[PDB]
Amino acid sequence: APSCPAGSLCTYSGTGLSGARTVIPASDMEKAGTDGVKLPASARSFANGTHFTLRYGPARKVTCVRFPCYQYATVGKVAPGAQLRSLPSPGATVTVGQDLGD
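Numbering follows the authors' numbering, with no gaps: position 97 of the sequence shown is 97.
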């Protein structure tokens, strides 16, 4: 659910950048890279303070080697917040290679 505000990748577990609210101004994501895994949304979305290269698809890869699984096979990325590189990012049971500068 696109409930986050806008400015940095503010991830959160409570719709509205609330609950487990965290912030990634294209930087902590450079520690993860492309968040190459399954990026949910129900109580886990964020604000797109960048073009968070969102490479996603239906998540279907739970058999990972030790966590570093892209939980998918790429169905079409939406770089700039899927339209504008500055807004509340969604998902929902979708995997996503979130990249914020990597």
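Idealized CB from N, CA, C, for every residue including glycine.
Assuming residue i and residue j make a contact with CB atoms under 8 Å, what is their CB distance in whole Å?
i: residue 55; j: residue 34; result: 7 Å
i: residue 90; j: residue 20; result: Not a contact, Cβ separation roughly 17 Å.
i: residue 156; j: residue 32; result: Summary: the structure shown does not reach residue 156, with the chain confined to residues 1 through 102, and so no result is reported for it.
i: residue 6; j: residue 45; result: 12 Å between Cβ atoms; not a contact.
For residue i, list the residues DSSP reports as bridge partners.
i: residue 47; result: 88
i: residue 53; result: 99
i: residue 16; result: Answer is none; residue 16 lacks a bridge partner.
i: residue 36; result: 97
i: residue 78; result: 54
How about residue i and residue j: are their beta carbons less than 8 Å apart?
i: residue 100; j: residue 52; result: yes
i: residue 37; j: residue 69; result: yes
i: residue 98; j: residue 39; result: yes
i: residue 9; j: residue 49; result: yes
If you run the structure through DSSP and keep just helix, strand and coil, what is residue i?
i: residue 31; result: helix
Should the region 72–83 be called in touch with the region 23–34, which here means at least 3 C-beta pairs below 8 Å? No: the two stretches stay apart, fewer than three of their Cβ pairs being nearer than 8 Å.
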